[PDB]
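What follows is one chain in structure tokens, specifically the form deposited in one PDB entry.
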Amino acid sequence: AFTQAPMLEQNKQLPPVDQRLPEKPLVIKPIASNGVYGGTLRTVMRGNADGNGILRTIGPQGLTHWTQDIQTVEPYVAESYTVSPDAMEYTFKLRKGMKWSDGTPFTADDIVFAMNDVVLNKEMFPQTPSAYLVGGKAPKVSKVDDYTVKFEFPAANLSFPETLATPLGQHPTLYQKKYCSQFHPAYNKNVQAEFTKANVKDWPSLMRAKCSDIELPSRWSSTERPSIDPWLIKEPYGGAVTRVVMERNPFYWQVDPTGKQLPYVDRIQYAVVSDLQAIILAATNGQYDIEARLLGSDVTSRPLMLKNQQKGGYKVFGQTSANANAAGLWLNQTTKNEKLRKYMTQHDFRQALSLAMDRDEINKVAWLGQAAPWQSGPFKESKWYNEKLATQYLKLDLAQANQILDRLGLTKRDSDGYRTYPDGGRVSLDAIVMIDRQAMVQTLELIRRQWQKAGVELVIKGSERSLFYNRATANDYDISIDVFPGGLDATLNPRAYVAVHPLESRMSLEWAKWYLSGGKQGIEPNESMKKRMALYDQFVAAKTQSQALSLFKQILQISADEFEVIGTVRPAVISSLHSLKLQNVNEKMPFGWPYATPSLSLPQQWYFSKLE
């Protein structure tokens, strides 16, 4: 018989555990050992809209879920699914008896509401999230019965199960129809009465504030928003809090092999900390049972973490990052600096900037020698490896860089020795970066000095998150600095190779807006990018794995020929930690947002061997 956490035995209002669970709960097979109930997991997030820290701790609860080796997905929220021979129809069978956190039924009505009334509603999302599209076209999503939902695409969509396992593909299970319909004008003609109580002026803002979206802080800022998550918000996230607390969902829909309703751990407490230096200190002091997101990407923290393992009572584990590059230069093909744009669009200008960089020095100084020079291409640990895309223009060659820049007409010099435009002033590139990402900032400081030898001025524009993203969406930057994805799975995140991501394809978000709107908005891309966008749509719609392989390789080939974005180093090891007493953490898991790590490791089966 199923059993429950002692904490839930305390609640006289709850139904018995066999009535709270689905008839067939998902049986979780723990990473290392069957666990024991109890305890509070201590972890950490930042203060300014770092809500993805909660999502990456508890896990997206999607229709499918990655396996630990990230090669495939398995049914997760769905008990099972079928794919039609032509790969156009996916039919998901849901777990009869499954309930939301409020005890009400989780059924096909919720998934159909999430898709048809939220995701595919053009007032809510003027451009539909591409996770659900093939060639810009939406699926027909229908209820078959109370526990069966069908997604019917107009072309083959082989990659849909994988998309459904990423954070961005979790909308189908994010919205309880009962609660959320109160805030939707198709359902509630008195919705305007909700505007004043929520401090909004229109219904999409009301929906975002109350029912939320994947990455909105409002996802974690209330206690009344129902979910199917393993823990539920009890002390909410907000603009100026110092901790967040979540407690177990009494209606969680999973058991372990002995029949225990999960999670094992009763509670998660997030410290909310503004400065990364304070997080380092608290982590080395042993105040966190897990930190696998904030400290690992700046390798300068690794010696400190390793040295303090005994003092803090934790074990460091190294994860392989899925990103192809730790600090990539996303050159803006649509920069509003028109004199600079005329150079940004020249292949040889981009080549020269790469040849003027000293990646061995960047590695030694900013990455402690633990990274390696790399451009933007997939790794040899992937079937998408392209030698040119990974390795072209990596070695410092200032003689050639300076000859190229001369040939491109940048021979007129200012009194400080810098090159100037043929009809303008100093060649000066504004690079936006998140100022808290100190290894990226140090990398930029090294490039700034290196590019002086080419007579090119790099201006570092470091800021907090909101200004960084607002500059990007406003097309207000010459270079944007952030990771290049695609080292391990280029097809999940192809944004460095083709401009399809509305916020992160920063070779031009205006090109991305053109792609996503079918050419109605944004800026029409050049011929090579339009070709890659058409190939991308062919790839998503491929009828067979072999066709998908050829089409996607063509995209990478063209991206290699164009050399639109410039890498510095591929990631060093990502250093994560867990308390010595915290069991069932998969220390072998890769690191990455598409897997929502560390939650890839199934936090609902983490447990404490001993408390303190």
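One-based numbering along the sequence shown.
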With respect to the recorded C-alpha B factors, which stretch has the higher mean value, 8-16 or 598-606? 8-16
Could you settle it for me: does 274-282 or 470-478 have the higher average Cα B factor in the PDB entry? 274-282
Pick out which of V265, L410, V200, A454 has the highest C-alpha B-factor in the PDB entry. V200
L331, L492, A356, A114, ranked by C-alpha B-factor: the highest one: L492
Rank-wise, by C-alpha B-factor, drop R248 into the lowest, middle or highest third of its chain. lowest
Can you work out whether the C-alpha temperature factor of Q554 puts it in the lowest, middle or highest third of the chain? highest
Temperature factor at the Cα of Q254, chain-ranked in thirds, falls in the lowest
Ranking the modelled residues of this chain by C-alpha B-factor as given in the entry, is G53 in the lowest, middle or highest third? middle
Of the three thirds of the chain ranked by Cα temperature factor, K137 occupies the highest
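What comes next is about the form deposited in another entry, which is not displayed.
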State the hinge position among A78, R46, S321, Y515 for the rotation of one rigid part relative to another between the shown form and the other one. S321
Distance direction in the other entry for the C-alpha atoms of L503 and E215, relative to the displayed form (3 angstroms or more): farther
Did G296 and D430 drift closer or farther in the other entry, going by a CA distance change of 3 angstroms or more? farther
